[PDB]
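Asker: Below is the file run.json, with JSON, C-alpha atoms.
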[["chain", "number", "residue", "atom", "x", "y", "z"],
["A", 1, "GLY", "CA", 79.02, 94.10, 106.54],
["A", 2, "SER", "CA", 78.28, 90.81, 104.82],
["A", 3, "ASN", "CA", 78.93, 87.44, 106.42],
["A", 4, "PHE", "CA", 81.57, 86.85, 103.73],
["A", 5, "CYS", "CA", 83.49, 90.02, 104.50],
["A", 6, "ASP", "CA", 83.23, 89.64, 108.29],
["A", 7, "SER", "CA", 84.62, 86.11, 108.11],
["A", 8, "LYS", "CA", 87.40, 86.79, 105.60],
["A", 9, "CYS", "CA", 88.51, 90.00, 107.30],
["A", 10, "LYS", "CA", 88.66, 88.30, 110.70],
["A", 11, "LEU", "CA", 91.40, 86.01, 109.37],
["A", 12, "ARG", "CA", 93.08, 88.76, 107.33],
["A", 13, "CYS", "CA", 93.42, 90.94, 110.44],
["A", 14, "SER", "CA", 94.12, 88.18, 112.99],
["A", 15, "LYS", "CA", 97.80, 89.21, 113.30],
["A", 16, "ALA", "CA", 97.37, 92.98, 112.83],
["A", 17, "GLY", "CA", 98.85, 95.35, 115.40],
["A", 18, "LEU", "CA", 96.13, 97.97, 114.79],
["A", 19, "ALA", "CA", 93.26, 95.50, 114.65],
["A", 20, "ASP", "CA", 90.21, 97.78, 114.65],
["A", 21, "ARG", "CA", 91.65, 99.84, 111.80],
["A", 22, "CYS", "CA", 92.56, 96.67, 109.88],
["A", 23, "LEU", "CA", 89.07, 95.23, 110.32],
["A", 24, "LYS", "CA", 87.43, 98.52, 109.31],
["A", 25, "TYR", "CA", 89.38, 98.98, 106.10],
["A", 26, "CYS", "CA", 89.42, 95.29, 105.20],
["A", 27, "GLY", "CA", 85.64, 95.40, 105.52],
["A", 28, "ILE", "CA", 85.29, 98.49, 103.33],
["A", 29, "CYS", "CA", 87.62, 96.99, 100.72],
["A", 30, "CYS", "CA", 85.89, 93.61, 100.80],
["A", 31, "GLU", "CA", 82.44, 95.15, 100.30],
["A", 32, "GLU", "CA", 83.70, 97.03, 97.24],
["A", 33, "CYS", "CA", 86.03, 94.39, 95.79],
["A", 34, "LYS", "CA", 84.19, 91.14, 96.69],
["A", 35, "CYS", "CA", 87.51, 89.61, 97.73],
["A", 36, "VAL", "CA", 90.04, 89.43, 100.54],
["A", 37, "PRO", "CA", 93.59, 88.16, 99.79],
["A", 38, "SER", "CA", 94.67, 85.05, 101.66],
["A", 39, "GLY", "CA", 96.92, 85.06, 104.71],
["A", 40, "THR", "CA", 97.50, 87.88, 107.18],
["A", 41, "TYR", "CA", 99.59, 90.11, 104.91],
["A", 42, "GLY", "CA", 100.73, 90.27, 101.33],
["A", 43, "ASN", "CA", 99.16, 88.12, 98.61],
["A", 44, "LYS", "CA", 97.39, 91.20, 97.26],
["A", 45, "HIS", "CA", 97.96, 90.13, 93.64],
["A", 46, "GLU", "CA", 95.25, 87.53, 94.33],
["A", 47, "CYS", "CA", 92.72, 90.37, 94.05],
["A", 48, "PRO", "CA", 93.74, 93.33, 91.86],
["A", 49, "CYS", "CA", 90.76, 95.38, 93.07],
["A", 50, "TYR", "CA", 91.94, 95.07, 96.69],
["A", 51, "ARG", "CA", 95.58, 95.58, 95.72],
["A", 52, "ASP", "CA", 94.89, 98.74, 93.69],
["A", 53, "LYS", "CA", 92.32, 100.56, 95.84],
["A", 54, "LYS", "CA", 93.39, 104.03, 96.99],
["A", 55, "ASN", "CA", 92.11, 106.42, 99.64],
["A", 56, "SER", "CA", 91.39, 110.11, 99.06],
["A", 57, "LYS", "CA", 95.06, 111.01, 99.45],
["A", 58, "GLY", "CA", 96.05, 108.38, 96.87],
["A", 59, "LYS", "CA", 97.51, 106.00, 99.46],
["A", 60, "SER", "CA", 96.92, 102.25, 99.43],
["A", 61, "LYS", "CA", 93.70, 101.67, 101.35],
["A", 62, "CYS", "CA", 93.38, 97.90, 101.87],
["A", 63, "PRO", "CA", 95.35, 95.87, 104.45]]
Would you kindly transcribe this structure into structure tokens?
Answerer:
Amino acid sequence: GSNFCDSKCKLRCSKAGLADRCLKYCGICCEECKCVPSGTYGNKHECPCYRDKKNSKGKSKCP
């Protein structure tokens, strides 16, 4: 992962109960979307790409 995504996802996932999963999917979403919403939850309207990304089953993918 890029330095940008590693750094942003570290903060995004700093209060996540399932941290490794959070960091994994935040990283995947950040590489695709070039953004990570602020804070540790919510704020997803800051980046529509991140907000709207779905997994194969059509579920929200990005923490």
Asker: One decimal, in Å: what's the spacing between CA of residue 24 (chain A) and CA of residue 9 (chain A)?
Answerer: 8.8 Å
Asker: Could you work out an axis-aligned box for region 12-19 of chain A, taking every atom the file lists and adding 4 Å on each side, and report centre and edge lengths in Å to one decimal, as JSON?
Answerer:
{"center_x": 96.0, "center_y": 93.1, "center_z": 111.4, "size_x": 13.8, "size_y": 17.8, "size_z": 16.1}
Asker: Neighbouring residues of residue 12 (chain A) were defined as those with any atom within 7 Å, considering all atoms listed in the file; residues of the same chain fewer than 3 positions away were excluded. Please report them as a list in words.
Answerer: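 With the cut-off at 7 Å, the set is residues 8, 9, 38, 39 and 40 of chain A.
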Asker: Restricting the calculation to all atoms listed in the file, which member of A:49, A:44, A:56, A:33 is positioned closest to residue 5 (chain A)?
Answerer: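 Once distances to residue 5 (chain A) are computed over all atoms listed in the file, the minimum belongs to A:33.
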Asker: Find the residue from A:47, A:28, A:18, A:36 that sits nearest to residue 61 (chain A); use only C-alpha atoms when measuring.
Answerer: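 Closest to residue 61 (chain A), using only C-alpha atoms: A:28.
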Asker: Show which residues sit within 10 Å of residue 41 (chain A), as a ChimeraX atom specification. Count all atoms listed in the file, and ignore same-chain residues fewer than 5 positions away.
Answerer: /A:12-16,63
Asker: Using only C-alpha atoms, find the one residue out of A:11, A:50, A:6, A:55 that sits nearest to residue 29 (chain A).
Answerer: A:50
Asker: In Å to one decimal, how far is CA of residue 2 (chain A) from CA of residue 46 (chain A)?
Answerer: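 Distance reported for this atom pair: 20.2 Å.
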Asker: What does the distance between CA of residue 23 (chain A) and CA of residue 1 (chain A) come to in Å, to one decimal place?
Answerer: 10.8 Å
Asker: When you count only C-alpha atoms, which of these residues is closest to residue 42 (chain A): A:21, A:30, A:62, A:4?
Answerer: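 Between A:21, A:30, A:62, A:4, the residue approaching residue 42 (chain A) most closely is A:62.
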Asker: With distances taken over only C-alpha atoms, which of A:32, A:19, A:27, A:7 is nearest to residue 52 (chain A)?
Answerer: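 Closest residue, counting only C-alpha atoms: A:32.
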Asker: Quick one: region 6-18 of chain A from the block, N, CA and C atoms, as a PDB file, in the first residue's frame.
Answerer:
ATOM      1  N   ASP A   6      -1.513   3.932   4.008  1.00  0.00           N
ATOM      2  CA  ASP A   6      -1.110   3.376   5.298  1.00  0.00           C
ATOM      3  C   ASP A   6      -1.357   4.375   6.419  1.00  0.00           C
ATOM      4  N   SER A   7      -0.978   5.634   6.195  1.00  0.00           N
ATOM      5  CA  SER A   7      -1.087   6.643   7.240  1.00  0.00           C
ATOM      6  C   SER A   7      -2.544   6.971   7.537  1.00  0.00           C
ATOM      7  N   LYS A   8      -3.339   7.208   6.491  1.00  0.00           N
ATOM      8  CA  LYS A   8      -4.738   7.571   6.693  1.00  0.00           C
ATOM      9  C   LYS A   8      -5.522   6.424   7.315  1.00  0.00           C
ATOM     10  N   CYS A   9      -5.248   5.191   6.884  1.00  0.00           N
ATOM     11  CA  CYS A   9      -6.007   4.063   7.408  1.00  0.00           C
ATOM     12  C   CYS A   9      -5.627   3.744   8.845  1.00  0.00           C
ATOM     13  N   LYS A  10      -4.379   4.022   9.237  1.00  0.00           N
ATOM     14  CA  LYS A  10      -4.002   3.848  10.635  1.00  0.00           C
ATOM     15  C   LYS A  10      -4.914   4.659  11.548  1.00  0.00           C
ATOM     16  N   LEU A  11      -5.146   5.933  11.215  1.00  0.00           N
ATOM     17  CA  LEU A  11      -6.042   6.749  12.029  1.00  0.00           C
ATOM     18  C   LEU A  11      -7.482   6.267  11.909  1.00  0.00           C
ATOM     19  N   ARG A  12      -7.932   5.987  10.678  1.00  0.00           N
ATOM     20  CA  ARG A  12      -9.313   5.556  10.454  1.00  0.00           C
ATOM     21  C   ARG A  12      -9.672   4.337  11.291  1.00  0.00           C
ATOM     22  N   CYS A  13      -8.715   3.445  11.505  1.00  0.00           N
ATOM     23  CA  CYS A  13      -8.951   2.165  12.154  1.00  0.00           C
ATOM     24  C   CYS A  13      -8.453   2.138  13.596  1.00  0.00           C
ATOM     25  N   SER A  14      -8.051   3.291  14.141  1.00  0.00           N
ATOM     26  CA  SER A  14      -7.409   3.341  15.451  1.00  0.00           C
ATOM     27  C   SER A  14      -8.357   3.017  16.598  1.00  0.00           C
ATOM     28  N   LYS A  15      -9.668   3.006  16.357  1.00  0.00           N
ATOM     29  CA  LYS A  15     -10.647   2.646  17.378  1.00  0.00           C
ATOM     30  C   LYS A  15     -11.553   1.509  16.908  1.00  0.00           C
ATOM     31  N   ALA A  16     -11.044   0.659  16.020  1.00  0.00           N
ATOM     32  CA  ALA A  16     -11.827  -0.412  15.413  1.00  0.00           C
ATOM     33  C   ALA A  16     -11.653  -1.705  16.201  1.00  0.00           C
ATOM     34  N   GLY A  17     -12.777  -2.328  16.563  1.00  0.00           N
ATOM     35  CA  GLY A  17     -12.716  -3.589  17.284  1.00  0.00           C
ATOM     36  C   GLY A  17     -12.026  -4.697  16.508  1.00  0.00           C
ATOM     37  N   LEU A  18     -12.293  -4.791  15.209  1.00  0.00           N
ATOM     38  CA  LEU A  18     -11.682  -5.802  14.343  1.00  0.00           C
ATOM     39  C   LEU A  18     -10.640  -5.088  13.485  1.00  0.00           C
TER      40      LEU A  18
END
